[PDB]
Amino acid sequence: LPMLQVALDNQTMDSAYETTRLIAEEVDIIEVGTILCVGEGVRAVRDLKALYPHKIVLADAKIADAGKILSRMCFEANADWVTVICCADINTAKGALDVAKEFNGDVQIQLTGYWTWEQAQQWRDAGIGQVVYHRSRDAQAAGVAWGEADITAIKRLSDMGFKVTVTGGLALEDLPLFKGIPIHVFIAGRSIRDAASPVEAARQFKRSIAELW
């Protein structure tokens, strides 16, 4: 089954803990959001992995350059996975991946904004096994909806051999769009954190995923 990931897009640890204290055990992966990485720094990764060592922790650092340096910082803070932004030089993804292997972790390419199919082939040739297909929140706010072009692109990435994560303002009702595709992870940030009942929101996601896959 597709795993469920909660995005902790919080500015401070105490704000993040307001969410984790409700739903840490209701999800498979705990993401330190980019907002939290910039707010608190990599202590957020160290702290959350110490709290939830049995969970996969993702540092959503969106690394753009200095792949080995920034990756090592996250992995030394005990991240399982790190993100590299899609426009990074290929050597940045390669550098992050080399460090990830030292820690038995993994690298995901975050597909936020502009990227190309040639770049996608480079990631595959470099040994990258995970991509995050992301509808940007700012695109969403400008009226961009999930659509058939997304489903097509997601299928194409899956066929290239990537494990695909899907994210970007996902609501419970969006899940059936992706049916039949071997999605690795669905991320929910707002739709879990900001729900009247975060526990219900997480359980509904898990229920629906179980129903559909």
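Residue numbers run from 1 along the displayed sequence.
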Once average C-alpha B-factors are taken from the entry for 112-120 and 74-82, the winner is 112-120
Going by the entry, of stretches 149-157 and 27-35 the one with greater average Cα B-factor is 149-157
Looking only at 59, 181, 63, 164, the Cα with the top B-factor belongs to 181
The residue of 51, 175, 188, 44 with the maximal C-alpha B-factor according to the PDB record is 175
Tertile call for residue 126 (CA temperature factor, within chain, third-based) is the highest
Split the chain's modelled residues into thirds by Cα B-factor; residue 3 lands in the middle
Quick tally, chain-level thirds of C-alpha B-factors: residue 19 sits in the lowest
Temperature factor at the Cα of residue 141, chain-ranked in thirds, falls in the highest
